[PDB]
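From first to last, the protein sequence lines are chains A, B and C. Oh and the first sequence: position 57 is 57 in this note's numbering, straight run, nothing missing. Oh and the second sequence: position 94 is 1094 in this note's numbering, straight run, nothing missing. Oh and the third sequence: position 93 is 2093 in this note's numbering, straight run, nothing missing. This report refers to the structure that appears directly beneath it.
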Amino acid sequence: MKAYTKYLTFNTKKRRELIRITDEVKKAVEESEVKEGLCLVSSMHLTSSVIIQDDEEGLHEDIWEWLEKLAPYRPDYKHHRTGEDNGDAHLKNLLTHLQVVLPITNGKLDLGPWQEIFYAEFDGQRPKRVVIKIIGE
Amino acid sequence: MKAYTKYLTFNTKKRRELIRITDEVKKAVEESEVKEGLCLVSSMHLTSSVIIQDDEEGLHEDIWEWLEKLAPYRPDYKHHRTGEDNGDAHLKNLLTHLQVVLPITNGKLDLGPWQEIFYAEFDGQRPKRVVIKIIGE
Amino acid sequence: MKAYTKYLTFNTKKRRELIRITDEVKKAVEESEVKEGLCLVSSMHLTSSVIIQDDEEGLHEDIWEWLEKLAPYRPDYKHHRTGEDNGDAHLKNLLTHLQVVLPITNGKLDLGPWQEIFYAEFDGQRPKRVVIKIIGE
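Put into structure tokens, the structure is as follows:
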């Protein structure tokens, strides 16, 4: 059986940011030479997630507003006992889920007509990685 | 290694609907002849998800009410700049997560005593697909 | 191809509880002899989930408070028609997502610097299982 691993590193210019990584993942799928298989794309951190959204602008704005609404920055989270006040970023990671698993069909990332893979940074400005793990034939 | 792919197509009679697809997935697991492996079941759209719930009626009603409560239809989402006002469906997809991964054990879908796989449509009435991707031996 | 299955059983002392199972999963990864692969860790129940959080105390308290806030116990959920009033536990399962999929790299669980796998019980005090399903080489 074939297996392929690749790590993507980000250091966003902002604390919160949406980064397209579909082509990155597609590059990995090609390198893996896998014809049929599974492709896991997961954030290795608790304050960021790999999500599948689409490209529309307005929707990107809606998700930040919904995230802030459901998992708002707060000064009083208990996590702040450590002096860290990125508690909301952890909640946003829980909310959105840290990862996605995609099919590989006929040597291709099996995506829907509008699906796009993003690295959703919730506490960036420092080096953080995303793992791509592919298995199959 | 063995790999099997199958797409399920839905065109719900309603914008929002709960559709049982466990037997569909089980049919695919049988066709794949896989003894031991993994089975990914994922929506190929941003406005629908594959979820695992159970069969109880009341709970089905609770999830729609909770979804509407956490990701309410709204006329003012920015996504509406496109004239599309299914923004809430995208949020519901984020909320519930687009997919599930299930074990295949001894040639069988490895499910809990009450687990049932559903295709949860949040903006239906048009052709949308779900991918089943199986790998293993 | 190699495949390995192991079930973890819990019967929490409390209705709601956070249980570390990272070492349990690591034990399974070792037993599987898999060098490169995927490792699914999923709750077999609708009222509990496998989540990835980190170890900080304050954050553990924040997640219970956020969960209760987003998916509060309630006496009036429709699910209660059955006399069961664990409706909130089902919602919490939806919220947090029942499972996680982890990479196996060089015979090791491929985890981030702070990632820890937990069994998050939302209606415990009875025997419930978590499945570990590993495939790869």
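Heads up, the beta-carbon is just placed ideally off N, CA and C, and yes, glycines get one too.
- Shown here, A/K6 sits in a strand according to DSSP, grouped into three states.
- A/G107 counts as exposed, since fewer than 16 other beta carbons sit within 10 angstroms of its beta carbon.
- Taking the CA atoms as reference points, A/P75 sits about 9 Å from A/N86.
- If you check each beta-carbon in the region 2058 to 2092 of chain C against every beta-carbon of chain A, the ones closer than 7 Å belong to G2058, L2059, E2061, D2062, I2063, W2066 and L2070.
- Taking the CA atoms as reference points, C/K2092 sits about 8 Å from C/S2048.
- Contacts between C/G2037 and chain A, judged by CB atoms closer than 9 Å, involve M1, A3, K133 and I135 in chain order.
- The region 21 to 30 of chain A makes contact with the region 111 to 124 of chain A: 3 or more CB pairs, one atom from each, lie closer than 8 Å.
- Interface annotation for the region 2017 to 2046 of chain C against chain A: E2036, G2037 and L2038, criterion Cβ-Cβ distance under 7 Å.
- One alpha carbon belongs to A/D54, the other to B/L1046, and they sit about 7 Å apart.
- Spatial neighbours of B/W1114 in its own chain (CB-CB distance under 8 Å, excluding positions within 5 residues in sequence) are listed in chain order as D1054 and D1055.
- Close partners of A/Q115 in chain C (Cβ separation under 8 Å) are lacking, with about 18 Å as the shortest Cβ gap.
- A/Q99 has a beta carbon lying within less than 8 Å of a beta carbon in chain C.
- If you draw a straight line from the Cα of A/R16 to the Cα of A/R126, it comes to about 11 Å.
- Take B/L1070, set aside five residues on each side of it, and the residues of its chain with a beta-carbon closer than 7 Å to its own are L1095, in chain order.
- DSSP places A/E116 outside any alpha helix (DSSP H); the residue lies instead in the beta strand (DSSP E), whose first and last residues are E116 to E121.
- Between C/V2050 and B/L1040, the alpha-carbon positions lie close to 17 Å from each other.
- Using a Cβ-Cβ cut-off of 8 Å, C/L2109 does not count as an interface residue toward chain B, since no Cβ of chain B sits closer than that to its own.
- For C/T2096, the uninterrupted alpha helix (DSSP H) run begins and ends at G2087 to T2096, by DSSP.
- The three-state secondary structure of C/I2021, taken from DSSP, is coil.
- C/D2062 is positioned such that its CB atom lies no closer than 8 Å to that of C/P2072.
- Considering only B/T1105, B/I1132 and B/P1103, the residue with the shortest C-alpha distance to A/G112 is B/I1132.
- The Cβ atoms of A/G136 and A/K26 do not sit closer than 8 Å to each other.
- Between C/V2101 and C/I2052, the C-beta gap is not smaller than 8 Å, which leaves the two residues out of contact.
- For C/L2008, no CB of chain B lies under 8 Å from its own CB, so it is not counted at the interface with that chain.
- Chain-order list of chain B residues neighbouring A/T105: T1005, by C-beta distance under 7 Å.
- Within the same chain, Cβ atoms closer than 7 Å to the Cβ of A/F122 are found at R16, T47, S48, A89, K92 and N93, the five residues on either side in sequence being excluded.
- Under the three-state reduction of DSSP output, C/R2015 falls in the coil class, being neither helix nor strand.
- For the region 2028 to 2086 of chain C, the continuous beta strand (DSSP E) assignments of 3+ residues that do not extend past its boundaries occur at 2037 to 2043 and 2048 to 2053, in sequence order.
- With its beta carbon less than 8 Å from one in chain C, B/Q1053 belongs to the interface.
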